[PDB]
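Enquirer: Enclosed are the sequence and the experimentally obtained structure.
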Amino acid sequence: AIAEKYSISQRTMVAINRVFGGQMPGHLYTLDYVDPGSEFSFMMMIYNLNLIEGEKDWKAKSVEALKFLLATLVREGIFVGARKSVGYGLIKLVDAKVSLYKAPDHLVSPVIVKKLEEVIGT
Amino acid sequence: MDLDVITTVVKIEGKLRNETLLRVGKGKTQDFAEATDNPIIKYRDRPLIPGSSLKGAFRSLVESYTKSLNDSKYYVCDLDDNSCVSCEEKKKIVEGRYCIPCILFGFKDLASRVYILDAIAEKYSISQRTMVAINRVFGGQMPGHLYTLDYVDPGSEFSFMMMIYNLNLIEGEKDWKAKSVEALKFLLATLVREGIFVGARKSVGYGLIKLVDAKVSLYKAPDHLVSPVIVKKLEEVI
Amino acid sequence: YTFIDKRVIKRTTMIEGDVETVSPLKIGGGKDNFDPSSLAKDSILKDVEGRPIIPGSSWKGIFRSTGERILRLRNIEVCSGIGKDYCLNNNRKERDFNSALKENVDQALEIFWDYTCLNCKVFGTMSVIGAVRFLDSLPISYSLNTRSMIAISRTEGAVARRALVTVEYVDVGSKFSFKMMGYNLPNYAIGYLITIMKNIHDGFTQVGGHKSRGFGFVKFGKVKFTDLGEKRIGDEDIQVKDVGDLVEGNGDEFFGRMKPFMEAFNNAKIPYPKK
Amino acid sequence: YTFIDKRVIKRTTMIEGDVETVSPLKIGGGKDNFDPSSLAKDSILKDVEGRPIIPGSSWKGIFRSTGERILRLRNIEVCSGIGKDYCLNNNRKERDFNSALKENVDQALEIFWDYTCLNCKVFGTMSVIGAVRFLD
Amino acid sequence: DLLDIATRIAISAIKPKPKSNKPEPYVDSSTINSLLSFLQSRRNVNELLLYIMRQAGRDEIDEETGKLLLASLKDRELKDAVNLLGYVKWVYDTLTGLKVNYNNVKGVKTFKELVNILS
Amino acid sequence: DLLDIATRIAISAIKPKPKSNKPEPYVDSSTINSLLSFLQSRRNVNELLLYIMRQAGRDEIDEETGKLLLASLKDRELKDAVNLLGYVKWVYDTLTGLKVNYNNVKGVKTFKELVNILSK
Amino acid sequence: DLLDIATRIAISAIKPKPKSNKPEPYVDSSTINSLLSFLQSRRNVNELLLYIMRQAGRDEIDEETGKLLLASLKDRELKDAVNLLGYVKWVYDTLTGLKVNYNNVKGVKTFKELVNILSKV
C-alpha cells in the first residue's frame, strides 16, 4: 500500500522519569509518523472463496472468518506499526470494491461489483 | 502471559476537560503558528495531548498504587532493569508474583494490553503567560530571566479513547490475575473525580486533566465482537 | 528517604481555602502585552473570561522567598533558587549526583539528602520535583477598580506635573479559592509551610506589584486542611499530637489549630544539609 | 550591613496610629469621574462603599518630601528619588551596580552602601525595594 | 454581533460637539473610561444606566447616544455589558487615533462597513 | 499566494520610524507576537481587526501597513488568518535579523524577488 | 553535480563560530536535522527558504552558508532539494565525526577533491 496523499511528521520524546522526577539524557528518542488523513492504495485477492455468493463446508467457515475480518477492518479498525499502546497506527478501510470472477465463463469482467459495506452486513 | 486469545475488548470514549491551563512540551522545533521558543505541541493548529504522555502518567500512577499496596504477590520493577519479568510463577502450588504495571502497560518482555490514543482539542484557546524571577537581594529586580510560556485555556474538550484487551471491567474477573482490574478501576476513579496531573510545569498547577463522562462499550469475541455487548456510562463502572 | 522518594506516596496533604483581599491587590503581568479582554488598560493576568486569577507561580515564589527568609533567620544554610542550586552546582558535589543518576540510585538519593537545603526538597531545584504543588486562585467575589498616580508632586522644586501613570488593581473584599497539595511531607515540613502561611496572613509578607505602597495584603477566612496517609514520614519528624485529618475553621482558629505543627517544626533539629 | 540586605529580617517595626484632621482634608480623587454619590464635581478618592480612604502613595510621598526637607536642613546630601534623578544615576554607578547584580553580591552590597543616599535607600529606589511599607 | 452595536454607539457618540471652537467629539474618551470603570467597580447594570442617564443630562452624552446605550443595555447581564463597554472603548480609540470624520462615516451600520471604510 | 501578501506587509512594516534617535523599524516584533497571541487567544477575526485598528491608532503601526493588514484580513478564515500572521512574523524576523536596509526592498512585491535579493 | 554543491555548503557551514569558547562549527547538527524535518513535514520549498532565512537571522547560521543555500534552493524541484539536503547532512556528519580542520578543508570546491583529501590522509 502506498499513500498518494501522505504527510510525514516527526515527534521526538525524551520520556524518562524516576524517583527524582527529572529527565535522564540517556533515554531520549525521536520517531517519524505519517499524519492521519493519508489514503493508501490497498488491493487484496482471494482465490476459490465466494465472499458474496457464500460457500459451504470448511469454505463456509473460511468465508465467514474473512467477512468478520473485513467488517472489523471497516468499522473498528486495526492497529499496526509502532507502539500500539500509545495510539500510533490505526488503519480503516474507507471504501472497497469487490469484483467476483467465476471461471471459465466470467473472467473478462466481474459478474458483480458491490460495495464491501453491503457485503459485510446483510 | 495470555495475549493470543482476545476474550474481552473494552472501549472507553469520553471528553477530557482541562481543569487548569495545560502546557505540553515539544522538541524545540519551529513553526509559523508559534512565536515562542518553547511552544506546545499540536497537529495542524490543534493542540493535543500525546498518547505517550498519558501512558507515562498512568503508568507512574499505577506503579505508585502498586507499591503502596505493599504486597509480595505484586511488584514493580525498574524500566531499565533487564532481569525483570512480568510474571514469575513457580510450583513450589500455584503461587506466583505478578507485576501489575507490567501486566497493564507492558514491559520489554510483554506488550501492553491497554491501548491509549491521543487527545485532540476542539474548543481550545492558546494563552501566553510571562513569569520573571525576583532577586532575593534587592527584592523586586528582574534579573533578565523573563520566560514566556504557551498554555491552553482553562477548560477545553479533548477526544479521549482507550482500548483494553482481555480485562473484563463491567463483569470483572473472578480471581485470575485479579487486582489488575482493581488497579485500573482505581486509576479511572482518580482520573474522573480528582484528575491526574500532566504537562510541563505540573507544580504550579499548570496541567490538570479530568474525564467528565465516557461511555464504556464492551465487545466480546464469541457472540459479537463488532456489535457492542454492553454499553454503560463510566460513572456506573466505578 | 521517603521525603525525597516519589515512587511511594505515603502521605498526602491538602490545604484548600478561600483568600480575602484586605488591600488593593495587583499582581500585574503582561505589562509589555496590552492585549486585554477590553477591560481597563493594564493587564493583571486575568483569564479570557475577565476573571483576575492569582497565578500559582506567584504563590510559589512568595512561599520560597518567605521560607528562605525564615531559614536564614534560623541560621540555616539556604542559597537562592534562580540561577543556581542548593549546593549541587553551588557545592563541589555537582557532577557526583549526575553520575549517580545512572547507577546506584540509593547513592544518588543519599547525595541529595545530605547535600541540599530544605527548600530544595520542598520545592525542587534541578532534575527534581518538590514535595509540594501549588494551584491557581479563582476569584469568587472579585471587583476591579483603577487608580492613577499621575501626581509627580512638587518634585522638591517647581514642577508639579511632569509625568503620568495609572494602575488597575483588584479592589478589597475579593475572594479567591486557594488550594495547594503536598506529597510525602514530614511533620516539620508541614509546620514550616504553616509558618509561611501564618507569616503571609499576619501581613509580614506581602504579595503583589506595589508592595512598598501597601497594595498586597490578604487574609484567610475559611481554610480546610485534609491529611491522608501516614502521620510521620522521616525519622527526623517529631511525633505531633494527633489532630485528626480534617482541620478547618476561620483563619485565626485555623492557625491556632496548627500550633502543634509549627511548634514541632521549630523544635526540630534539621539534619540536612550536612556540609 | 543588614540595612540593605533583604535576605534576613532581623527586626520588624510596626507603627499603628490614628490620624485626626485638624484642618479640612481633600485627597484628589482623580478629578476625572464621580462614580459614587459625591457632593461636588471634584470628588475625593473614596472606596466603593463611600469610605474616603487615604492612599498609601500619598503617605509615602509626604514622608519622602518631609525627609528631603529635613536632610537638606541638616546639610546632608540626598537623592530626589523621582524621575531620572537618584544618586545612583548622579554618582554614575548604575552600570557598575547592574554588573555587580549578576556578579558577586558582596560587591553590589558595598556599592549600594557606599554610593547611595538615605531617602532612596529607605523608601527605595529604582530596582531596589524600600525598607519601609506604607499602608492606606 | 456585539461589534455592530459597539460601532453604532461609538459613531453616534463621535459626532461633533455644537458651539465648540474646535473640531472635537461631543463626548471624550474620559467619559467612556468612566463608564467602563463604573461598571467594573459598582457591578450593577441599573446603576450603570443611571450613570449614563446622568451623563446625558449633564450635556456630556448627546440624547441619541444615550438612547442607544439605554436600549443596548436595558436588560443585559454583567459580562455582556462589560464586553460591550470594552468594545465601545476600543472602537472610540480607533476612531480618535485615525482622526476619522463623522461626515463620511455616519452611515455605518455594521463593523464590516467600518472595515471597508478603513481601506 | 499568501506569502506574497506577507512579504508586502512586512516590507510596509519595516519602514524606518520617523523622529527616532536611532534607525529602527516603525513596527516592533513585540507587536507582531502580540498579534499572534491575541489571535490565538480570541480565535476570531473581527476583534483581531479591532485590535489591529486600535494599535494603528495608537502609533507603532504604519497607516499603510494597517491598511494592508485590514485589506488582507477583511474576509479570511481563522486558519488562513493564523497562517498569514505566522508568515508575516517569520518574514519580519528574517528582515530584522538580517538588518536588511529598507531602501533596497522598496520595490519588492513577491516573495521570490525578496529571496533573490537576500541571496545576492 | 549536487555533491559539489553539498560539499561547498557543508564547508561553509563548518567554519568555526566566533565568540564561542569551545571549538565547534558555526552551525550544529541539530540545525541540519531541523532543516530536513521541516522540509519533510511541510513539503514546500518556499517554506524551507523562509526557515533558512529565519535561522540565518537568528545569528546561528553563517550568512555565506545561508546565501549558498538560498541560491541552490530556488527554481529547484522538491525531490532535488531533498537529495541536496541529505547530501549536505551526510557531508556535515562526516566532517564532524572525522574532526576535519576547517583551515585545510576550506580550499576545496569539488567533492572528488574532498575524497582525495580524506583518502590521502
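Expert: Right, received. Where do you want to start? Numbers count the residues shown, from 1 in each chain, chains lettered A, B, ... in the order given.

Enquirer: Close to chain C: what parts of chain E are there?
Expert: Within chain E, the positions near chain C by C-beta under 8 Å from any C-beta of the partner chain are E:36-37, E:40-41, E:43, E:79, E:82-83, E:85-87, E:89-90. The C-beta positions use only the backbone N, C-alpha and C, and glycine is treated the same way.

Enquirer: mind listing what residue B:155 touches?
Expert: For residue B:155, the contact set (C-beta atoms under 8 Å, 6 or more residues apart in numbering or on different chains) comprises B:17, B:18, B:19, B:123.

Enquirer: who in chain C is up against chain D?
Expert: Counting by C-beta under 8 Å from any C-beta, chain C sits next to chain D at C:23-24, C:68-69, C:72-73, C:143, C:145, C:147-149, C:151-156, C:162-163, C:171-172, C:204, C:206, C:211-215, C:217.

Enquirer: Would you list the buried entries among the contacts of residue B:155?
Expert: B:17, B:18, B:19 (16 or more other C-beta atoms under 10 Å in any protein chain shown).

Enquirer: Which residue lies nearest the spatial centre of the chain?
Expert: Defaulting to chain A. Nearest to the geometric centre of chain A sits residue A:91, at 4.7 Å (C-alpha atoms, centre = their mean).

Enquirer: right idea, wrong chain: chain B
Expert: Central residue of chain B (C-alpha atoms, centre = their mean): residue B:54, at 3.2 Å.

Enquirer: In helices, which of the residues of chain C next to chain D fall?
Expert: Using DSSP state H, the members of the residues of chain C next to chain D that fall within helices are C:68, C:69, C:72, C:73.

Enquirer: Let me know how buried the third one is, in neighbour terms.
Expert: Around residue C:72 there are 18 other residues, counting by other C-beta atoms under 10 Å in any protein chain shown.

Enquirer: Tell me how far the closest residue in space to it that isn't next to it in sequence lies from chain A.
Expert: Distance criterion C-beta to C-beta, 6 or more residues apart in numbering or on different chains; nearest residue to residue C:72, sequence neighbours excluded, is residue D:8 at 4.4 Å. In this view, residue D:8 and chain A are 30 Å apart by C-beta to the nearest C-beta, to the nearest Å.

Enquirer: now swap in residue B:85 and tell me
Expert: From residue B:85 across to chain A, the span is 19 Å (C-beta to the nearest C-beta).

Enquirer: returning to what we had before: PyMOL command for the buried members of the residues of chain C next to chain D?
Expert: To isolate the buried ones among the residues of chain C next to chain D in PyMOL, judged by 16+ other C-beta under 10 Å, type:
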select buried, chain C and resi 23+24+68+69+72+143+145+147+148+149+151+152+153+155+156+171+172+206+211+212+213+214+215+217
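
Enquirer: and the residues of chain C next to chain D, which of them are in strands?
Expert: Residues of these located in strands (DSSP state E): C:145, C:147, C:148.

Enquirer: Tell me which stretches of chain A form helices.
Expert: Going by DSSP H, chain A shows helices at A:57-71, A:116-120.

Enquirer: Present these as JSON lines; the columns should include distance to residue A:39.
Expert: What follows is those, written out as JSON lines (distance: least, C-beta to C-beta, whole Å):
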{"stretch": "helix A:57-71", "distance to residue A:39": "18"}
{"stretch": "helix A:116-120", "distance to residue A:39": "15"}
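
Enquirer: what's the neighbour count on the closest residue to chain E within chain C?
Expert: Taking C-beta to the nearest C-beta, chain E has its nearest neighbour within chain C at residue C:38, 2.4 Å off. Under the neighbour criterion other C-beta under 10 Å, residue C:38 is assigned a count of 22.

Enquirer: Also residue B:144?
Expert: 10.

Enquirer: On the three-state scheme, it is what?
Expert: Three-state call for residue B:144 (DSSP: H, G, I helix; E, B strand; the rest coil): coil.

Enquirer: Do a quick rundown of the strands in chain B.
Expert: B:8-20, B:48-49, B:114-116, B:119-120, B:126-131, B:147-152, B:159-165, B:208-220, B:230-233.

Enquirer: Pull up the pairing partners for the second one, direction included.
Expert: Paired neighbours of strand B:48-49 in the sheet (DSSP bridges): strand B:119-120 (antiparallel).

Enquirer: what about residue C:142, distance to residue B:159?
Expert: For residue C:142, the distance to residue B:159 equals 33 Å [C-beta to C-beta, to the nearest Å].

Enquirer: what about the two, which has more around it?
Expert: residue C:142 (21 against 16).

Enquirer: who are the neighbours in contact with the more buried one?
Expert: C:51, C:52, C:170, C:174, C:175, C:176.

Enquirer: Identify the residue spatially nearest to the closest residue to chain D within chain A, adjacent ones excluded.
Expert: Here the residue of chain A nearest chain D is residue A:22; by C-beta to the nearest C-beta that distance is 26.4 Å. Among residues not flanking residue A:22 along the chain, residue C:127 sits closest, at 3.0 Å (C-beta to C-beta, 6+ apart).

Enquirer: Please list all residues in contact with the one you found.
Expert: Residue C:127 makes contacts with A:20, A:21, A:22, A:23, C:101, as judged by C-beta under 8 Å, 6+ apart.

Enquirer: List phi and psi for it.
Expert: Main-chain torsions, residue C:127, degrees, to the nearest 10: phi 60, psi 20.

Enquirer: do you know how far it is from residue C:68?
Expert: 21 Å.

Enquirer: same thing with residue B:107?
Expert: Remark: distance between residue B:107 and residue C:68 (C-beta to C-beta) = 43 Å.

Enquirer: next one: residue B:171
Expert: According to C-beta to C-beta, residue B:171 stands 56 Å off from residue C:68.

Enquirer: Please apply the same query to residue B:142.
Expert: The gap separating residue B:142 from residue C:68 is 18 Å, by C-beta to C-beta.

Enquirer: circling back to that earlier point, ok, so of the ones in strands among the residues of chain C next to chain D, who is nearest residue E:57?
Expert: Nearest to residue E:57 out of these is residue C:145 (C-beta to C-beta; 25.2 Å).

Enquirer: Does the closest one have any beta-bridge partners, and if so which?
Expert: For residue C:145, the beta-bridge partners are residue C:169 (DSSP bridges).

Enquirer: That one touches residue C:24, doesn't it?
Expert: Yes - using C-beta atoms under 8 Å, residue C:145 is in contact with residue C:24, at 7.2 Å.

Enquirer: and the residue of chain B nearest chain A?
Expert: residue B:117 (3.1 Å).

Enquirer: Enumerate every residue touching that residue.
Expert: Residues near residue B:117 by C-beta under 8 Å, 6+ apart: A:87, A:90, B:51, B:160, B:161, B:162, B:163.

Enquirer: Drop anything exposed from those residues.
Expert: Buried by 16+ other C-beta under 10 Å: A:87, A:90, B:51, B:160, B:161, B:162, B:163, out of the contacts of residue B:117.

Enquirer: Spatially nearest residue to the last one, not counting backbone neighbours?
Expert: Counting by C-beta to C-beta, 6+ apart, residue B:163 lies nearest to residue B:115, which is 3.8 Å off, once chain neighbours are set aside.

Enquirer: I'd assumed residue A:79 was in contact with the one you found.
Expert: Yes - contact criterion C-beta under 8 Å: residue B:115 and residue A:79 qualify, at 6.6 Å.

Enquirer: Please say which of those two ends up with more neighbours.
Expert: Comparing residue B:115 with residue A:79 by other C-beta under 10 Å, the one with more neighbours is residue B:115, at 22 against 16.

Enquirer: ok, now which ones touch that one?
Expert: A:79, A:84, A:85, A:87, B:162, B:163, B:164, B:165.
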